[PDB]
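I have placed the structure first, in the form of C-alpha cells, so that the comments after it can refer back to it.
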Amino acid sequence: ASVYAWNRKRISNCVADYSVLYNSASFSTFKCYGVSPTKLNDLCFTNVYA
Amino acid sequence: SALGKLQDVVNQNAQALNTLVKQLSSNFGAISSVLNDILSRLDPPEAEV
Amino acid sequence: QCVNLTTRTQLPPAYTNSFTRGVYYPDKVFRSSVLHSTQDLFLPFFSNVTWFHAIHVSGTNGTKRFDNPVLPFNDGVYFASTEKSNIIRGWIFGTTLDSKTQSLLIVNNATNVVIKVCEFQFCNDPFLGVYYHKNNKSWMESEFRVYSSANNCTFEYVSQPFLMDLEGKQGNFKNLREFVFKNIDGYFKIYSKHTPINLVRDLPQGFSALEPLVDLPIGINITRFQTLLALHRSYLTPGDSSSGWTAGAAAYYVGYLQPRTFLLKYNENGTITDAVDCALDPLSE
Amino acid sequence: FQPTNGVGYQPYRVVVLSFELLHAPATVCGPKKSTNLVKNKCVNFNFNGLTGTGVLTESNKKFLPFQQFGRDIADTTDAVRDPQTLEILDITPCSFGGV
Ligand SMILES: *[C@@H]1O[C@H](CO)[C@@H](O)[C@H](O)[C@H]1NC(C)=O
Ligand SMILES: *[C@@H]1O[C@H](CO)[C@@H](O)[C@H](O)[C@H]1NC(C)=O
Ligand SMILES: *[C@@H]1O[C@H](CO)[C@@H](O)[C@H](O)[C@H]1NC(C)=O
Ligand SMILES: *[C@@H]1O[C@H](CO)[C@@H](O)[C@H](O)[C@H]1NC(C)=O
Ligand SMILES: *[C@@H]1O[C@H](CO)[C@@H](O)[C@H](O)[C@H]1NC(C)=O
Ligand SMILES: *[C@@H]1O[C@H](CO)[C@@H](O)[C@H](O)[C@H]1NC(C)=O
Ligand SMILES: *[C@@H]1O[C@H](CO)[C@@H](O)[C@H](O)[C@H]1NC(C)=O
C-alpha cells in the first residue's frame with residue numbers, strides 16, 4: 001500500500017509462530033517495544049494488527 | 001428380601017466410604033480444594049493458611 | 001433492500017406442551033452406569049412453549065400466517081422446528097439490531113453456512129428468497145435481503161459448499177431439528193440433534209440427548225433474537241415485492257431455560273437414555 | 001524511486017505489527033511442545049490442564065466422539081484420551097501399601 005493509504009491485516013483464530021521472524025536473514029530493523037520477542041511463544045493475544 | 005441386615009451393613013459401609021471420598025472436594029472455607037493450584041496461584045502465607 | 005411486507009392478519013398464537021425434552025450433555029465427562037445429579041440450565045418438563053404458525057392454505061381467506069417476532073433471550077432458547085422443505089434457514093441473533101452493536105449472524109444460505117459476526121443494519125422483517133420457475137422447474141435462492149449495510153467486523157467462519165433439497169414436498173413433516181443456544185462467559189455454545197419424525201401436529205413425546213456442536217468465542221451480550229424463515233415466491237401469486245408472496249408450511253417451537261436440578265442416567269456406553277427432574281412432583285423429588 | 005540515489009533514498013517496506021488484548025477470549029497464541037508417550041510407569045502427566053500420578057495402561061473403554069475425559073462413581077479422573085492419537089488410556093495409581 002501507500003503511505004497515506006496503509007491497509008490493515010486484522011487476522012485472528014490461528015497459531016502465530018514467531019520463531020520465523022527473528023530467525024531470518026532478510027530484515028534490517030527488529031526493534032520491538034516491550035514485548036519480549038523471545039517470550040512470545042507463551043503469550044496469548046486476541047487480535048494481531050499488521 | 002430375606003438377608004436384610006447383611007445387605008444393610010454393606011450398604012452403610014459403602015455409603016461411609018463414598019462420603020469419605022467426597023469429603024475431599026470441599027472448600028472448607030478456603031479458596032479452592034486443589035492444593036497445588038492453591039500453592040501455585042497464591043502468596044506463600046495465604047497458601048499455607 | 002428492506003421491504004415491509006403486507007397482507008398478514010393477526011391471531012393469538014397457541015401453546016404446545018413439551019413432553020420431557022430439552023436434555024443435553026452438561027460437560028464432556030465419561031460416566032458408565034452412573035446416576036449423576038447435576039445442576040445447570042435446562043427446560044422444565046410438562047411446560048408449554050409458544051407455538052409459532054407458518055402456513056398458507058386455500059382455506060385461509062388471505063391471512064398468510066408468516067410469524068417471526070423479535071423474541072427475547074434471557075438464558076436459553078430450546079429451538080425445535082418440524083420442517084419438511086427447509087423453511088427455517090438461519091438466525092439473526094443480536095443485541096440491538098440498529099447498526100450500533102454487533103450481532104451474531106448464523107445463516108446457512110444456498111452454498112454453505114456463514115457464521116458472521118459484524119455490525120449490520122437489519123430491516124423490520126428479515127427473510128430469504130427462493131424463486132420457482134415454470135420452464136426448467138428449479139428452485140434457486142435469489143433474495144438475501146437480511147441486512148442493508150456493513151461495518152468493521154470480527155471473527156467469522158465459513159464452511160464447504162453443499163446443496164440442499166429445496167423442493168416443496170407434500171405430506172406430513174419428516175424431519176425434527178433441536179437446538180439449545182446458551183451464552184455464558186463469552187462462549188456461545190450450540191447444541192444440535194436430528195431425529196426423524198412422522199407427525200403432522202404438535203411436538204410428539206420422546207427423549208433425546210443433544211450433543212455439543214460449536215463453541216464460537218464471540219463475547220457478545222445477546223438478549224433478544226429473531227428467526228429467519230423463507231418464502232416461496234412463484235408464478236402462482238402475482239404482485240410486487242410487497243404483496244404476492246407464499247409461506248409454505250412449517251412450524252418452530254421456542255422455549256426458555258430455567259436453573260433447576262436434574263438427575264441424569266448414563267448408559268453403559270456414555271449416552272443419556274433417561275432422566276428425571278427434581279420439582280415436577282413429590283415422586284420426582 | 002530512481003535506482004541511482006544513495007542508501008537513504010530507497011524503498012523500505014516497514015511492518016507495524018502490533019498486539020492488544022480485548023475482553024473476548026484469546027483465539028490466537030503460540031505453539032506448544034509435546035513429549036513422548038511413556039506408558040506402564042508411574043509418572044506425571046499433563047495433557048490439557050489436568051495433573052496426576054499413575055501408570056497409563058491401554059484399556060478398552062470406548063468414549064464418545066466429543067467426550068475427552070472420563071470418571072467413575074467416585075468422581076475421580078480414571079481415563080483421559082490422548083490429544084494426538086485417538087487412543088483411550090487408563091489412569092491407575094502404582095503400588096502402595098504397608099510393609
Ligand atoms: C417499514 O416501516 C418502518 C416503520 O413503520 C419504517 O421505519 C421503515 O422505513 C419501513 N421500511 C421501508 C422499506 O420503508
Ligand atoms: C401456557 O403458557 C403460558 C405462559 O405464558 C401460560 O398461559 C400457561 O403456563 C400455559 N397455559 C396453558 C393453557 O397451557
Ligand atoms: C451464499 O453465501 C456465500 C457467502 O457469503 C456467498 O459467497 C454465496 O454467493 C451465497 N449464495 C447465494 C446463492 O446467495
Ligand atoms: C431456469 O429458468 C429461469 C427463467 O428464466 C432462468 O432465469 C434460469 O437461469 C434457468 N436456469 C437454468 C439452470 O436453466
Ligand atoms: C468498530 O468501529 C466502531 C466505530 O468506529 C468502534 O467503536 C469499535 O471499537 C470498532 N471495533 C469493534 C466493534 O470491534
Ligand atoms: C453399547 O455398545 C456396544 C458395543 O458396540 C453395543 O453392542 C451395545 O448395543 C451398546 N448399547 C446400547 C446401544 O444400548
Ligand atoms: C499428529 O501428527 C502425528 C504424526 O506427526 C499423527 O500420527 C497424528 O495422527 C496427528 N494428529 C492428528 C489429530 O491428526
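For the C-alpha cells, the naming scheme is as follows: chains receive sequential letters (A, B, ...) according to their order of presentation, residues are indexed from 1 within each chain, and ligands are indexed from 1 in presentation order.
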**Item:** Close residues to ligand 3 using only C-alpha atoms and all ligand atoms, limit 12 Å, as number ranges by chain
**Value:** C: 89-90, 105-116, 128-131, 139-146, 156-164
**For range 18-25 of chain B: contacts at 10 Å, only C-alpha atoms, fewer than 4 positions along chain excluded, given as a ChimeraX atom specification** = /B:12-14,32-34 /D:73-76
**Request:** Please identify every residue of chain A that has at least one atom no more than 6 Å from any atom of chain D, counting only C-alpha atoms, and report them as a PyMOL selection string.
**Result:** chain A and resi 12-17+41+44-46+48-50
Using the selection just defined, write its residues with N, CA and C atoms as a PDB file, in the first residue's frame.
ATOM      1  N   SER A  12      -7.068 -13.272  13.009  1.00  0.00           N
ATOM      2  CA  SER A  12      -7.191 -13.961  14.284  1.00  0.00           C
ATOM      3  C   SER A  12      -7.525 -15.422  14.017  1.00  0.00           C
ATOM      4  N   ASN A  13      -7.701 -16.181  15.100  1.00  0.00           N
ATOM      5  CA  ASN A  13      -8.031 -17.605  15.041  1.00  0.00           C
ATOM      6  C   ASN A  13      -6.974 -18.376  14.246  1.00  0.00           C
ATOM      7  N   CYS A  14      -5.754 -18.362  14.772  1.00  0.00           N
ATOM      8  CA  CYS A  14      -4.630 -19.038  14.139  1.00  0.00           C
ATOM      9  C   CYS A  14      -3.612 -19.385  15.219  1.00  0.00           C
ATOM     10  N   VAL A  15      -2.485 -19.946  14.789  1.00  0.00           N
ATOM     11  CA  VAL A  15      -1.368 -20.265  15.671  1.00  0.00           C
ATOM     12  C   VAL A  15      -0.173 -19.469  15.162  1.00  0.00           C
ATOM     13  N   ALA A  16       0.120 -18.350  15.818  1.00  0.00           N
ATOM     14  CA  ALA A  16       1.204 -17.473  15.393  1.00  0.00           C
ATOM     15  C   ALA A  16       2.543 -18.075  15.799  1.00  0.00           C
ATOM     16  N   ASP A  17       3.375 -18.392  14.810  1.00  0.00           N
ATOM     17  CA  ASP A  17       4.709 -18.943  15.039  1.00  0.00           C
ATOM     18  C   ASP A  17       5.719 -17.821  14.831  1.00  0.00           C
ATOM     19  N   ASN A  41       6.327 -16.961  22.560  1.00  0.00           N
ATOM     20  CA  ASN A  41       5.782 -18.306  22.431  1.00  0.00           C
ATOM     21  C   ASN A  41       4.976 -18.743  23.648  1.00  0.00           C
ATOM     22  N   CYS A  44      -0.574 -15.121  24.901  1.00  0.00           N
ATOM     23  CA  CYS A  44      -1.734 -15.212  24.030  1.00  0.00           C
ATOM     24  C   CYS A  44      -2.375 -13.841  23.856  1.00  0.00           C
ATOM     25  N   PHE A  45      -2.854 -13.572  22.643  1.00  0.00           N
ATOM     26  CA  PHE A  45      -3.482 -12.304  22.304  1.00  0.00           C
ATOM     27  C   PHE A  45      -4.826 -12.565  21.641  1.00  0.00           C
ATOM     28  N   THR A  46      -5.568 -11.483  21.402  1.00  0.00           N
ATOM     29  CA  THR A  46      -6.883 -11.559  20.772  1.00  0.00           C
ATOM     30  C   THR A  46      -6.815 -11.242  19.281  1.00  0.00           C
ATOM     31  N   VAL A  48      -4.212  -9.452  16.115  1.00  0.00           N
ATOM     32  CA  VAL A  48      -2.866  -9.052  15.722  1.00  0.00           C
ATOM     33  C   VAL A  48      -2.988  -8.187  14.475  1.00  0.00           C
ATOM     34  N   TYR A  49      -2.805  -6.880  14.638  1.00  0.00           N
ATOM     35  CA  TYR A  49      -2.867  -5.962  13.512  1.00  0.00           C
ATOM     36  C   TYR A  49      -1.547  -5.965  12.750  1.00  0.00           C
ATOM     37  N   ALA A  50      -1.641  -5.779  11.432  1.00  0.00           N
ATOM     38  CA  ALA A  50      -0.467  -5.797  10.553  1.00  0.00           C
ATOM     39  C   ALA A  50      -0.613  -4.669   9.533  1.00  0.00           C
TER      40      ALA A  50
END
How close does each residue of chain D get to ligand 7, giving the shortest atom pair and distance in Å to one decimal for every residue with an atom at most 9 Å away, counting only C-alpha atoms and all ligand atoms, sorted by chain and residue number, as JSON lines?
{"residue": "D:83", "atom": "CA", "partner": "ligand 7", "partner_atom_place_in_ligand_line": "13 (C)", "distance": 6.9}
{"residue": "D:84", "atom": "CA", "partner": "ligand 7", "partner_atom_place_in_ligand_line": "11 (N)", "distance": 4.4}
{"residue": "D:85", "atom": "CA", "partner": "ligand 7", "partner_atom_place_in_ligand_line": "9 (O)", "distance": 5.3}
{"residue": "D:86", "atom": "CA", "partner": "ligand 7", "partner_atom_place_in_ligand_line": "13 (C)", "distance": 7.6}
For the selection you just gave me, I'd like the residues written to a file as a short mmCIF file (atom, residue, chain, number, x, y, z; two decimals), in the first residue's frame, keeping N, CA, C and O atoms.
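again_14.cif, freshly written:
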data_model
loop_
_atom_site.label_atom_id
_atom_site.label_comp_id
_atom_site.auth_asym_id
_atom_site.auth_seq_id
_atom_site.Cartn_x
_atom_site.Cartn_y
_atom_site.Cartn_z
N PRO D 83 -4.39 -36.51 23.23
CA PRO D 83 -4.73 -35.46 22.26
C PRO D 83 -4.30 -35.79 20.84
O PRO D 83 -5.08 -35.63 19.89
N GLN D 84 -3.05 -36.24 20.67
CA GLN D 84 -2.52 -36.51 19.34
C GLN D 84 -3.29 -37.64 18.65
O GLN D 84 -3.93 -37.43 17.62
N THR D 85 -3.23 -38.84 19.22
CA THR D 85 -3.89 -40.00 18.65
C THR D 85 -5.13 -40.35 19.47
O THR D 85 -5.14 -40.21 20.69
N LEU D 86 -6.17 -40.81 18.77
CA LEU D 86 -7.44 -41.17 19.41
C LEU D 86 -7.29 -42.55 20.05
O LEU D 86 -7.76 -43.57 19.53
#
**Message:** With DSSP run on the backbone, what are the strand (DSSP E) residues within chain D? I'd like them as an NGL selection string.
**Reply:** :D and (18-20 or 43-44 or 53-57 or 90-92)
Would you save the residues from that selection as a compact mmCIF listing (two decimals), in the first residue's frame, using N, CA and C atoms?
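After the write, again-v4.txt holds the following:
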# COMPACT_ATOMS: atom_id res chain seq x y z
N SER D 18 1.35 -4.97 15.64
CA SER D 18 1.03 -4.55 17.00
C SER D 18 0.20 -5.63 17.68
N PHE D 19 0.13 -5.54 19.01
CA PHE D 19 -0.60 -6.50 19.83
C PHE D 19 -1.46 -5.77 20.84
N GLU D 20 -2.65 -6.31 21.10
CA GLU D 20 -3.57 -5.72 22.06
C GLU D 20 -4.48 -6.80 22.60
N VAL D 43 4.31 -42.05 36.33
CA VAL D 43 4.92 -40.77 36.01
C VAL D 43 3.90 -39.65 36.18
N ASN D 44 4.31 -38.42 35.91
CA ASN D 44 3.44 -37.26 35.98
C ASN D 44 2.99 -36.89 34.57
N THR D 53 -0.76 -38.59 38.99
CA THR D 53 0.38 -39.50 39.01
C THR D 53 -0.14 -40.93 38.96
N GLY D 54 0.38 -41.71 38.03
CA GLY D 54 -0.04 -43.09 37.88
C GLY D 54 0.34 -43.64 36.52
N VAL D 55 0.23 -44.96 36.41
CA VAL D 55 0.55 -45.62 35.15
C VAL D 55 -0.56 -45.35 34.14
N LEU D 56 -0.21 -45.44 32.86
CA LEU D 56 -1.13 -45.18 31.75
C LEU D 56 -1.26 -46.46 30.94
N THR D 57 -2.20 -47.31 31.33
CA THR D 57 -2.44 -48.55 30.61
C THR D 57 -3.37 -48.31 29.42
N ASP D 90 -5.82 -45.32 30.45
CA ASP D 90 -6.43 -45.60 31.74
C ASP D 90 -5.45 -45.20 32.83
N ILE D 91 -5.93 -44.43 33.80
CA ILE D 91 -5.10 -43.89 34.87
C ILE D 91 -5.39 -44.66 36.15
N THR D 92 -4.37 -45.36 36.66
CA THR D 92 -4.47 -46.10 37.91
C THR D 92 -3.18 -45.87 38.68
Closest contacts (chain D/chain C, max 6 Å, only C-alpha atoms) as JSON lines:
{"residue": "D:24", "atom": "CA", "partner": "C:219", "partner_atom": "CA", "distance": 5.2}
{"residue": "D:67", "atom": "CA", "partner": "C:28", "partner_atom": "CA", "distance": 4.4}
{"residue": "D:68", "atom": "CA", "partner": "C:28", "partner_atom": "CA", "distance": 5.9}
{"residue": "D:69", "atom": "CA", "partner": "C:29", "partner_atom": "CA", "distance": 5.1}
{"residue": "D:70", "atom": "CA", "partner": "C:30", "partner_atom": "CA", "distance": 4.2}
{"residue": "D:71", "atom": "CA", "partner": "C:31", "partner_atom": "CA", "distance": 5.8}
{"residue": "D:72", "atom": "CA", "partner": "C:31", "partner_atom": "CA", "distance": 5.9}
{"residue": "D:73", "atom": "CA", "partner": "C:34", "partner_atom": "CA", "distance": 6.0}
Using N, CA, C and O atoms, can you write the selected residues to a file as a short mmCIF file (atom, residue, chain, number, x, y, z; two decimals), in the first residue's frame?
data_model
loop_
_atom_site.label_atom_id
_atom_site.label_comp_id
_atom_site.auth_asym_id
_atom_site.auth_seq_id
_atom_site.Cartn_x
_atom_site.Cartn_y
_atom_site.Cartn_z
N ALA D 24 -12.72 -10.28 24.72
CA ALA D 24 -13.08 -11.59 24.20
C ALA D 24 -11.99 -12.60 24.53
O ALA D 24 -10.82 -12.24 24.70
N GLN D 67 -16.58 -36.46 23.81
CA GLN D 67 -16.06 -36.52 25.17
C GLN D 67 -14.55 -36.68 25.17
O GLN D 67 -13.98 -37.35 24.30
N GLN D 68 -13.89 -36.07 26.15
CA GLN D 68 -12.44 -36.09 26.26
C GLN D 68 -11.94 -36.76 27.53
O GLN D 68 -10.96 -37.50 27.48
N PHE D 69 -12.59 -36.52 28.66
CA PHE D 69 -12.16 -37.07 29.94
C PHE D 69 -13.00 -38.29 30.30
O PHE D 69 -13.84 -38.75 29.53
N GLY D 70 -12.77 -38.81 31.50
CA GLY D 70 -13.51 -39.96 31.99
C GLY D 70 -13.42 -40.12 33.49
O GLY D 70 -12.33 -40.03 34.07
N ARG D 71 -14.56 -40.37 34.14
CA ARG D 71 -14.59 -40.54 35.59
C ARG D 71 -15.37 -41.79 35.98
O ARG D 71 -15.75 -42.59 35.11
N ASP D 72 -15.61 -41.96 37.28
CA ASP D 72 -16.33 -43.12 37.79
C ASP D 72 -17.37 -42.69 38.81
O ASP D 72 -17.66 -41.50 38.94
N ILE D 73 -17.93 -43.65 39.55
CA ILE D 73 -18.92 -43.34 40.57
C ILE D 73 -18.35 -42.53 41.72
O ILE D 73 -19.12 -41.97 42.51
#
**Asked** Using only C-alpha atoms, which residues sit within 7 Å of residue 76 in chain C once same-chain residues fewer than 6 positions away are excluded, as number ranges by chain?
**Response** C: 180-182, 256-257
Write a file of the just-selected residues containing C-alpha atoms, as a PDB file, in the first residue's frame.
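Wrote result_15.pdb, looks like this:
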ATOM      1  CA  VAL C 180     -30.025 -25.130  22.513  1.00  0.00           C
ATOM      2  CA  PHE C 181     -28.451 -21.654  22.482  1.00  0.00           C
ATOM      3  CA  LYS C 182     -26.592 -20.652  25.650  1.00  0.00           C
ATOM      4  CA  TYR C 256     -36.934 -20.726  27.756  1.00  0.00           C
ATOM      5  CA  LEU C 257     -34.430 -22.398  30.071  1.00  0.00           C
TER       6      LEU C 257
END
